[PDB]
Amino acid sequence: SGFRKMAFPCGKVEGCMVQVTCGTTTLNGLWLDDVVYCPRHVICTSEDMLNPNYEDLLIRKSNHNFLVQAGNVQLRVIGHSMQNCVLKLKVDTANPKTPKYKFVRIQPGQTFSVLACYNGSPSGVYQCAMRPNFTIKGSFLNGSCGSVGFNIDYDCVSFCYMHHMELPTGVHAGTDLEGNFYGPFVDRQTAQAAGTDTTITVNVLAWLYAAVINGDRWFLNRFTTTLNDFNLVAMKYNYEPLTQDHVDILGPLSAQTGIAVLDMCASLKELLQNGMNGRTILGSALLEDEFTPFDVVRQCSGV
Amino acid sequence: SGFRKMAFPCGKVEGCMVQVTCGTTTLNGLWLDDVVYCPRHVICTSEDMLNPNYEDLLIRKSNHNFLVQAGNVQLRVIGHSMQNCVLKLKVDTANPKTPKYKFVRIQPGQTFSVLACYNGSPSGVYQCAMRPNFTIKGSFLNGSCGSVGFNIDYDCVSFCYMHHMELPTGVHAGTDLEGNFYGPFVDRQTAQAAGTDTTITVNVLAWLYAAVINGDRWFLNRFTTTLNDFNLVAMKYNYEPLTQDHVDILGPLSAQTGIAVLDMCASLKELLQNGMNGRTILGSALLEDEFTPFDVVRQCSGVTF
Ligand SMILES: *[C@@](O)(CO)[C@H](C[C@@H]1CCNC1=O)NC(=O)[C@H](CC(C)C)NC(=O)c1cc2c(OC)cccc2[nH]1
Ligand SMILES: *[C@@](O)(CO)[C@H](C[C@@H]1CCNC1=O)NC(=O)[C@H](CC(C)C)NC(=O)c1cc2c(OC)cccc2[nH]1
């Protein structure tokens, strides 16, 4: 029993992080087989980063312009290309610690583990959720560009995120491993705003089931609601609408606890209209939305 | 920027996790050089665990009754001994992935990363604080015993926790790597209850220095206090008393902000006595007590290992 924000063990990714330096600019890269992936803005100078014509800057670079260090060893770049915002540095040595891996694009509301690195050295690991406005609430300082987010299924690492930027509001943005940004952001040195953030409703409900499995029931009530009447109220509070697919994904948690999904929606509607009266749920004073149904099932199955 | 509960990268520990079985009883162990460390109750049957005599139960066992597996590879056991509630099993292969390491016994309030494991396979990692009642608010399922907690300093892994028990209330209890429980618990299949918990004062202060560093400082008052007066007041709110070590580890954050520890204590004292007054700190109206001063430093300064 217990419920905690939990990340995947990150050893398989640790063995892939390297340092990439071009000029006076240094960040992290991801070394898989004989390719090192890193944010392309590493080729920029301070003045370039203001409005980088990346294809122009890139053609003017040579392989020897790129210093790639893996621990003590320096890797020799034998080629360089660009895939959207991701620089691909070819090296003469394949990483022997390359796990089975895949590149995937995560959807909003889904979670992943982030391995935060500095100068190519892993510094910490934590779980994040892709917000509906395609930002993430991470913990990233100068030099963390090139850090990657990932899930693991069996022995296969699914890479979904590479970090590029911190918005003025302090949330974070980045790309998939094909170099496409999540959201409407751009890798230039400008202050950028995200769209209006909404709350991930299916995740809040999963976390309410988790609280019940762990003995917290004070927010429960006898009422039920229709799906549409629930969504009318949820939208009013800037919650995403709950789809029938979401209802279905919650099935296992409904079964385990014996609380129908539409019953638990009536509790959430009461919480949104009434607040929490200074009470807490799983130790939190706010309604937590960064836990997926599957995050809950995998920690609370059998409890 | 941003502030999260962050674990240490756990690769160096994953390469050390193994499975230990005796009869049908299975749990996790820690493979360092040519020794495997694990909870001694692996030698119990389900019925033995009700009222075990571990000395008696161990006299019955030989090296060849112990199944130790790294993945599906068996490590032959060539010696065995018991130290408090930990079993040590000598094996015929020195772990080639052994990191630089040490065994440490941490204080209440200290945090550590937990590598949750099942059948010798790491499954998740998360951060925990040792509560003042010597429990941890963990997330542990059946088969998790022998999971370890650790910190990483430079390249050295400091092991501080081995998992043994879930209490009725849903919190967790265990030992250090020398087999000595944190708290008044015993490894026996019985419902045991922990003392009343308290708030970790040194960590709340750390979190307040964090807020100041970030420009959020409305709560700073013009008062100061003695350490003894603060301790006596803090206890009336269920806050833990500060030690000299606590004052000393707050030193860096005190110098960084220019706010003396006892001045921050007088500010915290006011927050306790008058409440928050509809205001928040770092986004929260709840005072946070599971970040140590090193966590605050490590996260606001990006230290690596
Ligand atoms: C990478 O380390 C750069 O290599 C760095 C990410 C962070 C810096 C602090 N916390 C982080 O996560 N990323 C940047 O510095 C990016 C670089 C771009 C993509 C070329 N820049 C920003 O994130 C950024 C720029 C600006 C800005 O300008 C003007 C104004 C306001 C906010 C802002 N964020
Ligand atoms: C280990 O995996 C045992 O090998 C297991 C830890 C958990 C089980 C569920 N979640 C966990 O973290 N530990 C136990 O099962 C221990 C075994 C002891 C050390 C012999 N027992 C308990 O944790 C336990 C027993 C009882 C109990 O009795 C009856 C009554 C109430 C609570 C309780 N917890």
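Asker: Hey, could you run me through the interface of chain B and chain A in this one?
Answerer: Interfaces are often described in size by the accessible area the parts lose on coming together. The partner chain A presents 37 residues to the 39 residues of chain B that form the contact. Across the chain B/chain A interface, buried area totals approximately 2,600 Å², and carbon plus sulfur atoms make up 51% of it. On the chain B side of the interface with chain A, the three residues burying the most area are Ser1(B), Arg4(B) and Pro9(B), jointly 26% of the side's total. Where chain B meets chain A, there are 1 salt bridge. Between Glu290(B) and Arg4(A) there is a salt bridge, with the nearest N and O atoms lying 2.8 Å from each other. Here the side of chain B that touches chain A gets 8 residues from one element, more than from any other, and that element is strand β10 (residues 121–129) of chain B.

Asker: Any chance you could explain the sheet that holds strand β6 (residues 77–83) of chain B here in plain terms?
Answerer: Sheets are built from strands paired through backbone hydrogen bonds, the pairs being either parallel or antiparallel. Residues and elements named next belong to chain B. Sheet architecture is open: 7 strands sit in the order β5-β4-β1-β2-β3-β7-β6, paired in antiparallel fashion. Where the open sheet ends on each side, the last strands, each with one partner, are β5 (73–74) and β6. Where β6 and strand β7 (residues 86–91) come together, 6 bridges link them in antiparallel fashion. When the bridges of β7 are listed, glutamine 83 appears paired with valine 86.

Asker: Even after reading the chapter, I still don't get the packing of aromatic side chains, so can you show me in this structure?
Answerer: Think of a pair of aromatic rings as described by two things: how far the centres are apart, and how the planes are tilted against each other in angle. For the structure on display, the rule yields 17 aromatic pairs over all chains. Arranged with centres 5.3 Å apart and planes meeting at 85 degrees, the rings of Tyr37(A) and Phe103(A) form a pair that is edge-to-face. Here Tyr37(A) is found in strand β3 (residues 35–39), whereas its partner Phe103(A) is found in strand β8 (residues 100–103), with 66 residues between them in sequence. Judged by its relative accessible area of 9%, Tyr37(A) is buried. Its relative accessible area of 30% is what places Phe103(A) among the partly exposed residues. Members of the aromatic cluster, joined through ring pairs, are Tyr37(A), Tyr101(A), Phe103(A) and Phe159(A). We note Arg105(B) situated over the ring of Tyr182(B); from NZ or CZ to the ring centre the distance is 4.6 Å.

Asker: What is the right way to look at the environment of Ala234(A) in this model?
Answerer: All names here are of chain A. The residue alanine 234 is located in helix α4 (residues 227–236) in this model. With 39 residues separating them in the primary sequence, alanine 234 and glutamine 273 have C-alpha atoms 9.9 Å apart. With residues up to four places along the chain from it excluded, the contact list for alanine 234 reads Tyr239 and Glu240.

Asker: Where do I start with the domain arrangement of chain B in this structure?
Answerer: Residues and elements named next belong to chain B. When its domains are assigned, chain B resolves into domain 1 (13–91), domain 2 (99–175) and domain 3 (201–301). Between domain 2 and domain 3, the C-alpha centre-to-centre distance is 26 Å. Each partner contributes to the interface: domain 2 provides 9 residues, whereas domain 3 provides 6 residues. Here domain 2 and domain 3 share an interface that buries about 560 Å² over both sides, 33% of which is from carbon and sulfur atoms. For domain 2, the biggest contributors to the area lost against domain 3 are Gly109, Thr111 and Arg131; these three give 53% of the whole. For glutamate 290, the salt bridge goes to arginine 131, with nearest N and O atoms at 3.0 Å. Here domain 2 is connected to domain 3 by 5 residue pairs in polar contact. Of the residues belonging to the side of domain 2 that touches domain 3, the class tally is 4 nonpolar, 3 polar and 2 charged.

Asker: Help me understand the site of ligand 1 in this model?
Answerer: Residues and elements named next belong to chain A. Close to ligand 1 lie 18 residues, the nearest being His41, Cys145, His163, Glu166 and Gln189. Within the backbone of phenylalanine 140, a nitrogen or oxygen atom sits 3.1 Å from a nitrogen atom of ligand 1. Measuring from an oxygen atom of ligand 1, one finds a backbone N or O atom of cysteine 145 at 3.0 Å. Burial of ligand 1 by the surrounding chains reaches 78%, relative to a free accessible area of 730 Å². Considering each element in turn, the shell around ligand 1 owes the most residues, 4 residues, to strand β12 (residues 156–166). Its residues assigned to classes, the shell around ligand 1 shows 7 nonpolar, 9 polar and 2 charged.

Asker: Could you clarify how one ought to interpret the pairing of strand β4 (residues 67–70) of chain B in this entry?
Answerer: Working note: regular strand, side chains alternate between the two faces of the sheet. All names here are of chain B. One ladder, built from 3 bridges, connects strand β1 (residues 17–22) with β4; its direction is antiparallel. Across the sheet, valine 20 pairs through a bridge with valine 68, a residue of β4. Sheet topology places β4 next to β5; 2 bridges connect them, and they run antiparallel. In the strand pairing of β5, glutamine 69 is matched with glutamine 74. The hairpin formed by β4 and β5 contains 2 residues between the paired strands, and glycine 71 there has a positive phi angle of roughly 60 degrees.

Asker: Help me understand the nonpolar core, please; the structure alone is not making it clear to me.
Answerer: A general feature of soluble globular proteins is that nonpolar side chains tend to end up buried together. Core analysis: the largest hydrophobic core is formed by 42 residues, its most contacted members being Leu30(A), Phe150(A), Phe159(A), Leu30(B), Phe150(B) and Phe159(B). Counting 34 residues, the second-largest nonpolar core is a separate cluster that includes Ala206(A), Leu253(A), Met276(A) and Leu287(A).

About the thresholds
Residues numbered from 1 in each chain as written, not as in the entry; some residues may be left out. Chains lettered and ligands numbered in written order. Heavy atoms only, no water. Residues with missing side-chain atoms left out of burial classes, pairs and counts. Contact = heavy atoms within 4.5 Å. Buried area = accessible area lost by both parts, 1.4 Å probe. Salt bridge = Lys/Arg side-chain N within 4 Å of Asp/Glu carboxyl O. Helix = DSSP H or I, 4+ residues; strand = E, 2+ residues; numbered from the N terminus. Pairing = 2+ DSSP bridges. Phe/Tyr/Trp six-rings, centres within 6.5 Å; stacked < 30°, edge-to-face > 60°. Buried < 20%, exposed > 50% of the residue type's maximum accessible area, 1.4 Å probe, protein only. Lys NZ or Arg CZ within 6 Å of the ring centre and 35° of its normal. Domains from an automatic or database assignment. Polar contact = N/O pair within 3.5 Å; in protein donor to acceptor, adjacent residues only side chain to side chain. Nonpolar A, V, L, I, M, F, W, Y, C, P; charged D, E, K, R; others polar. Near = heavy atom within 4 Å. Areas by Shrake-Rupley, 256 points an atom, 1.4 Å probe, with all protein chains shown as cover. Core = buried A, V, L, I, M, F, W, Y, C linked by side-chain atoms within 4.5 Å.

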